[PDB]
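Protein chains in written order, with the deposited numbering: chain LN, 2 to 69; chain Lg, 58 to 113; chain LX, 22 to 142; chain LA, 2 to 252; chain LG, 24 to 256.
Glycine included, C-beta positions come from ideal geometry on N, C-alpha and C.
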Amino acid sequence: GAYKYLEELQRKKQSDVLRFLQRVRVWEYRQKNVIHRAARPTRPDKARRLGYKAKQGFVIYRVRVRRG
Amino acid sequence: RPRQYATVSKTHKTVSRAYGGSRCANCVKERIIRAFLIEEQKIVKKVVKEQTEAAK
Amino acid sequence: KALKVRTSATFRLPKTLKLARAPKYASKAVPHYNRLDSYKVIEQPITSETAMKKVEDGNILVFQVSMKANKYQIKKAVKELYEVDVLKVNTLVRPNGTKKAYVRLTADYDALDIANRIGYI
Amino acid sequence: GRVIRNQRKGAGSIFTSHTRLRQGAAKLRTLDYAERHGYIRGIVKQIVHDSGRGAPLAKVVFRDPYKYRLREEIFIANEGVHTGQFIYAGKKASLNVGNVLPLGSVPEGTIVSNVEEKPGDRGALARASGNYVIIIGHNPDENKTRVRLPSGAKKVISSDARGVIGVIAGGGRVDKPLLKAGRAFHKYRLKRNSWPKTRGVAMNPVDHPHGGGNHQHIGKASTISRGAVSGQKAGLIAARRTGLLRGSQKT
Amino acid sequence: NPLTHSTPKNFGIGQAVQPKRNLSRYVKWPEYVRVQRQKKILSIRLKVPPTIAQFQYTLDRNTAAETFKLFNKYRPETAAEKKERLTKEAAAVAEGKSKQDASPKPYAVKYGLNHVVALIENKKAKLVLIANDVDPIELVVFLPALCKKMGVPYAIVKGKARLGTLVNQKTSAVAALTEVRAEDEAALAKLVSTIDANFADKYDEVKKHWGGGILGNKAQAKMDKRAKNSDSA
RNA sequence: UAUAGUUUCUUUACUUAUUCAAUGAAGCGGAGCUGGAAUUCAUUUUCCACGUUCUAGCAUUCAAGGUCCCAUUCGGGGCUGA
RNA sequence: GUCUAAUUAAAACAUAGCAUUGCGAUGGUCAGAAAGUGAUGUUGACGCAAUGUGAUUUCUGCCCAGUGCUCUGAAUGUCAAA
């Protein structure tokens, strides 16, 4: 199994690798629109914890909202 | 009026001269002269730079 | 291999193969019959002494007409229903809400003849 | 209490500028390549009056280097410019009036106008009638040019910044009195709605802080802080001193 | 000939309306282009951490062709041959009653990420291939360390699309071999020794070394100018 | 007073984050030719320019020319010109 | 010249003129719940904004203690959260 590794590694968020990855992906999301499609997710481990089964009829939408 | 300038003929809207119904005759004369003369003067500038750069 | 060329710094949308529709089935499955035929543009004549002076002297028919109709329709409908030829058409909206049409023929035909053929006068 | 005039002035339904007869925005040519590596010639075709503006304008015409096209610009005319006049804009251009040299290309004591404080703004400082900028000196290393601005102030801008040489036309405009509320009326009729002006001290206290009383009088002081707010700011904002000017500004 | 002339135009600054040139450099591209370009740019500028750029040290194309030839030998089956296989199996179970073993044993490549990870943690693998082009990199950043801890030989190779071509899919993100025929086990050992010299043995030092920190052409040129002018002697 | 470590703070520096402005995102940066200045202590260090200024004209047709192919034919393409 | 339409047309308001104040645009004044938002601003100190006085002539005196506005920061001063 790999989703277990993914889950623990995504828990290690103040590790250097993940905070780097975070920096990058936030740059690119921010350069994209506010509500914008994703045809695959970013955390398949998580989408699978929650109900995502990678078949036809499931959709990811990445969305950012102001803060405060 | 400017659609009667459509229904009328080329004879009414124009003269037999270059730059006919657009520019005055005297302005035409002026720019003809100016063309000829500064072309000649550009030739002269060219040959002056030519002989100078060839000497040096 | 090396890259393409580009003369203008504008990047426009490409053109793209625009398919059409012939899709799989029909939207309504029955073509509606003619919304506006002669037997609907011409409802009834008019027989007021004014319009009868007209049809007597001026060689003019006077009809009552749908609000959806126009002069081409009226002309064609008259040419069909009455086997005549028609010179011109002047229409108005009667303030009872209807349309009225003054219809002038050629000098060949006679409006009196075709009206007392129709069976009003 | 009400919202007052100075606060209504910012929404501005009626206070907007009356921008009909204005021939366009009087901006410089864009700083593309020819200007920053050589020069380029245009021609002043016609000087005209801009409404709301005391300084005239000069419809200049250039050529497009990239296309058979005749991009026309609008320059603020300096004193001496005339029709049919060749305007040379760029870096290796010659120092005569009407040209658009940069400040690293001009020497000290040079007199310019319609200057940029940031290259590519297409026109700024010294745009009004009679006014000019004076070059003071340079720092080519750390390419910076010191300039004196009509306030009397000193500023330091990119020596790659541009500016027309000479002084803006229309000078001596305010050396003449108007004599007439009607002259003022028409002037502001073409500029905007800031005329006439009522006095708060003659208003009611609902209408202005200085208003009210059984005499026209202010009460508190007319010197207000910059740490005040909308509705408190009616008078002398952040005034360091006050009254008649008894000697040198000492700036 | 005597009518043809030589005009030549001066394309300088005030003259000769400039001609068509290749402005590939000065284009207003769209946002998706800008995003992916600046994305890779930023992901080289930043000080990448060693467990990334553990990638970016990929396999040279020669041994790549070798290993892919090998895997194409040990390719899996498609639907048509699976169908006829099990038709034969039906015939044999019907007439000979061979207990689902009339067909032979297959030798094929193992693909699938969790398949492969359990294969490794059980140590049934002979070789592992890993793709570098992966967009969620978290899926694969651990596979190397795991393969090391287990003692398995791994390699990073170019093309998850290549793995997909190999394995009848679009992508695979991973591949591995666990059981091979004796006709090729020797080439397998050779290839593995080469790989282990390339990737497995250098695990410690690449794990130590931080990547990135790289600058553009304009900036590197300016740094060169400044540095040679400062160290002028 | 010198130290191998952790530490705080001051200053400075870098660009990709972020921020600002412009444009139809047109000429960025580096190097290289040419000429000039340039003194060279071998052999070149470098630095400057690298097509436009008497004149209210004109400047456009993948550029004319030069060169190489095709298939001559109506022509057609490439490189250079840049 | 203007205003209290329907009891106050005036010495009131405005006015030109005088003076002061802020602002060199990363700005001053103002607006918006917010915003990759706006007015001044198609603007640039002979300008914008804010105040006061009220043609011209002649003069605008003493007071910075108090209340405001402001300019100074080395300080056994005070002094929040972190």
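Closest in alpha carbon position to LX:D129, among LX:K121, LX:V107 and LX:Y123, is LX:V107.
Against chain LG, the beta carbon of LA:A35 has neighbours under 8 Å at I36 and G37, listed in chain order. Of the candidates LG:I143, LG:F91, LG:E104 and LG:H232, the residue whose Cα lies closest to the Cα of LG:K172 is LG:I143.
By the CB criterion at 8 Å, LA:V168 and LA:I112 fall inside the cutoff. Counting only Cβ-Cβ distances below 8 Å, LG:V50 has no contacts in chain LA at all, with the closest Cβ about 15 Å away.
Every beta strand (DSSP E) stretch that sits fully inside the stretch 36 to 116 of chain LA and reaches 3 residues is listed by chain position as 40 to 49, 58 to 62, 73 to 77, 86 to 91 and 112 to 114. LG:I67 and LG:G235 have their C-alpha atoms some 5 Å from each other. Per DSSP, the beta-bridge partners of LG:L200 are LG:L150. The three-state reading of DSSP puts LG:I143 in helix, counting H, G and I together. Cβ neighbours of LA:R64 within its own chain (closer than 7 Å, five residues either side excluded): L71. Remark: fewer than three beta-carbon pairs, one from each stretch, lie closer than 8 Å, so the stretch 228 to 243 of chain LG and the stretch 108 to 121 of chain LG are not flagged as touching. Leaving aside the five residues that flank LA:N194 on each side, the residues in its chain whose CB is nearer than 7 Å to its CB run, in chain order, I15 and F16. For LG:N240, the secondary structure class from DSSP, reduced to helix, strand or coil, is helix. Among the CB atoms of chain LG, none fall inside 8 Å of the CB of LN:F59. With the rule of 3 Cβ pairs closer than 8 Å, the stretch 118 to 128 of chain LA counts as touching the stretch 28 to 47 of chain LA. Straight across, the Cα-Cα distance linking LA:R3 with LN:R44 is about 56 Å. Nearest C-alpha to LG:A205 among LG:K63, LG:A87, LG:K96 and LG:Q79: LG:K96.
Residue contact check for LN:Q11 against chain LG: a CB pair falls below 8 Å.
Counting only the Cα atoms, LG:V180 lies some 13 Å from LG:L189. In this structure LG:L200 touches LG:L150 by the C-beta definition: roughly 5 Å separates them, less than 8 Å. Residue burial is scored here from C-beta neighbours: LA:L58 has at least 16 other C-beta atoms within 10 angstroms and is therefore classed as buried. At a Cβ-Cβ threshold of 8 Å, LG:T86 and LG:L214 count as neighbours.
Between LA:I44 and LA:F87 a beta carbon distance of about 6 Å is seen, short of the 8 Å cut, so the two are scored as contacting. The bridge partners DSSP lists for LX:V76 come to none.
Residues of the stretch 143 to 160 of chain LG whose Cβ lies closer than 8 Å to any Cβ of chain LX: none. Between the stretch 50 to 63 of chain LX and the stretch 99 to 106 of chain LX there are three or more inter-stretch CB-CB distances shorter than 8 Å, so the stretches are counted as touching.
Taking the Cα positions, LG:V50 is about 15 Å away from LX:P35. Check the Cα spacing between LG:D224 and each of LG:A154, LG:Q61 and LG:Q77: the tightest is with LG:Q77. Among the residues facing chain LG, LN:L51 is not included, as its CB has no counterpart in that chain under 8 Å away. LX:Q94 counts as buried, since no fewer than 16 other beta carbons sit within 10 angstroms of its beta carbon. Less than 8 Å separates the beta-carbon of LA:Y40 from that of LA:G91. Per the coordinates, the alpha-carbon of LX:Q85 lies some 20 Å from the alpha-carbon of LX:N55. Under the Cβ criterion (8 Å, minimum of three pairs), the stretch 37 to 48 of chain LX does not count as touching the stretch 109 to 122 of chain LX.
With a threshold of 8 Å between beta carbons, LA:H50 makes no contact with chain LG.
A direct Cα-Cα distance of roughly 11 Å separates LG:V229 from LG:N221.
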